[PDB]
Amino acid sequence: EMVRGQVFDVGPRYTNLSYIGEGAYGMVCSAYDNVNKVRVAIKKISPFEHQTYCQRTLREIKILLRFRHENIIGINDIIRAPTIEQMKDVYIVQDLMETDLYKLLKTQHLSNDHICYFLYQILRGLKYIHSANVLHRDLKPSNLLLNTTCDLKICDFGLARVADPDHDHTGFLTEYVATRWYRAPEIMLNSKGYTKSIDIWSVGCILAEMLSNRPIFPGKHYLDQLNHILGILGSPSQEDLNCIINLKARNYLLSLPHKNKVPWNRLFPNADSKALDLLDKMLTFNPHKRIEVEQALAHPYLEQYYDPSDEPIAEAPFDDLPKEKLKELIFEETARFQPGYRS
Ligand SMILES: c1ccc(CNc2ncnc3[nH]cnc23)cc1
């Protein structure tokens, strides 16, 4: 139990603590699990002051407790106080992961084989997620935890939602949007953060980042984000212009000079041509003409790994409450890891 950076108190089961880092309203350490005799990761979370922090916490916990897949991080144990009034911190215990794709891309240029098998694992996990009618909504390199070239896990389901192509509100900045660089164009143009297509676009961006060691659409803001995308894909066609469900949005693009489509091979000269064909289909502007997860796995680029017999799906398809009500729901969701739990 260290006190240098916010009291941990995860003992006596979890000892020999060591600081890793800190992200998203809390802190992260690795500890020794005296029950499983192996080092695990523990994230300390203190979200109860801010209602949005309570959203993501409850959101991620409900989903991860239901999900079970090699390519998706899980929750091993949750530590919290016996009473709601005493609970000010939550401790989520997960498998220790050596690094993530973000850190890896900073130090190494990936070979084609490791890019190929990384891509498979992402889509493998994503296939499960989408089969449960769930969208991750924030897929990016830092959310891809890594041990080896063969051990990739998807994490951070804080922004995850149940798929819902129907409901729409056009609430642009009223909803906590995804990481800009990996954000589908439909989200920025006509507010569409509830279809599976958005996750595929993110994976495309991740793929392009694996081929060149740098973000492909690194805009400063959302209009600049659209600038980068059209700067590579080219000016949207007449039909793609009709996908835009917004008056003022279908205007900034029309004032922009006409852009030619930059060939993928010109951007990535050293890339596998099969990779670039898949990339092309993941980064299609039109969300309806964009490749789906099962189709991507079946692309020739992944033909050496693709195996529907070894690609598990969900056995069953899977808010605006105050921070005090959400805290109760978190207190209930974590109640299964408490002594004396019934039903
Ligand atoms: C700061 C913020 C985020 C992270 C990434 N989490 C993390 N790191 C290591 N092992 C894990 N298992 C489950 N999650 C993790 C590290 C430092």
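Using the entry's author numbering, the letters of the sequence shown correspond one by one to residues 12 to 329, 336 to 360. In this text, a Cβ means the ideal position worked out from N, Cα and C, and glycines have one as well.
- By the C-beta criterion, the stretch 138–150 is judged not to be in contact with the stretch 50–58, since fewer than 3 inter-stretch pairs fall below 8 Å.
- Taking each of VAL188, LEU146 and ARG359 in turn and checking the Cα distance to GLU71, the smallest one comes out for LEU146.
- Residues whose Cβ lies closer than 6 Å to any heavy atom of ligand 1, listed in chain order: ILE31, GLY32, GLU33, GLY34, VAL39, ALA52, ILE84, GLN105, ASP106, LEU107, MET108, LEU156 and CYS166.
- DSSP links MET38 through a beta bridge to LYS55.
- DSSP, reduced to helix, strand and coil, places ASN144 outside both helices and strands of the structure shown, so it counts as coil.
- Separation of the CB atoms of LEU343 and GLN66 is rounded to 7 Å, and the pair is thereby assigned contact status at 8 Å.
- Per DSSP, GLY215 is one residue of the alpha helix (DSSP H) stretching across 208–223.
- For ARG261, the three-state secondary structure derived from DSSP is helix.
- With a cutoff of 9 Å on beta-carbon distance, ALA286 and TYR263 are scored as not near each other.
- As DSSP reads the structure, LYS164 sits in a beta bridge with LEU156.
- By the Cβ-count criterion, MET38 is buried, with 16 or more other Cβ atoms from all chains shown falling within 10 Å of its own Cβ.
- The beta carbon of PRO298 lies closer than 6 Å to those of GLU197 and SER208 in the same chain, with the five residues before and after it left out.
- The DSSP-derived three-state label of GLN132 is helix.
- DSSP lists no bridge partner for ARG70.
- The Cβ neighbour count for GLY22, taken over all protein chains shown within 10 Å, is under 16; the residue is labelled exposed.
- Rounded to the nearest whole angstrom, the C-alpha separation of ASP179 and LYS203 is 7 Å.
- The stretch 305–321 makes contact with the stretch 123–132: 3 or more CB pairs, one atom from each, lie closer than 8 Å.
- The residues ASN82, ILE83, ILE84, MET108 and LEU156, in chain order, have a CB closer than 7 Å to that of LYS164 in the same chain once the five nearest residues on each side in sequence are set aside.
- Of the other Cβ atoms in all chains shown, 16 or more fall within 10 Å of the Cβ of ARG91; this residue is therefore buried.
- Our two residues, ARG148 and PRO268, have alpha carbons roughly 31 Å apart in a direct line.
- For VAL304, the uninterrupted alpha helix (DSSP H) run begins and ends at 304–308, by DSSP.
- A residue is called buried once 16 or more other Cβ atoms fall within 10 Å of its Cβ, and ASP44 is buried on that count.
- Counting along the chain, the unbroken alpha helix (DSSP H) around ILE347 starts and ends at 340–350.
- Here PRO152 is not near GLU250, since their CB atoms are 9 Å or more apart.
- The C-beta of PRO226 has 16 or more other C-beta atoms within 10 Å across all chains shown, which makes the residue buried.
- For the set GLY357, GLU349, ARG359 and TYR358, the Cα lying nearest the Cα of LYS73 is the one of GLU349.
- In this structure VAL104 does not touch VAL46 by the C-beta definition: roughly 11 Å separates them, more than the 8 Å allowed.
- The Cβ neighbour count for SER213, taken over all protein chains shown within 10 Å, is at least 16; the residue is labelled buried.
- The beta carbon of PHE354 sits closer than 6 Å to those of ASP88 and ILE89, all from its chain and outside the five residues before and after it, given in chain order.
- In its chain, beyond the 5 residues on either side, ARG191, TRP192, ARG194, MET199, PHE228 and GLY230 have a beta carbon closer than 8 Å to the beta carbon of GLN236.
- Remark: C-beta atoms of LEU222 and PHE168 do not approach each other more closely than 9 Å.
- By the criterion of a C-beta distance shorter than 7 Å, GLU12 is surrounded in its chain by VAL18, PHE19, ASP20 and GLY22, once the five residues flanking it on both sides are discounted.
- Taking the Cα positions, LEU150 is about 18 Å away from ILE240.
- Excluding the 5 residues flanking it on each side, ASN158 has same chain C-beta neighbours closer than 7 Å at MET108 and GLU109, in chain order.
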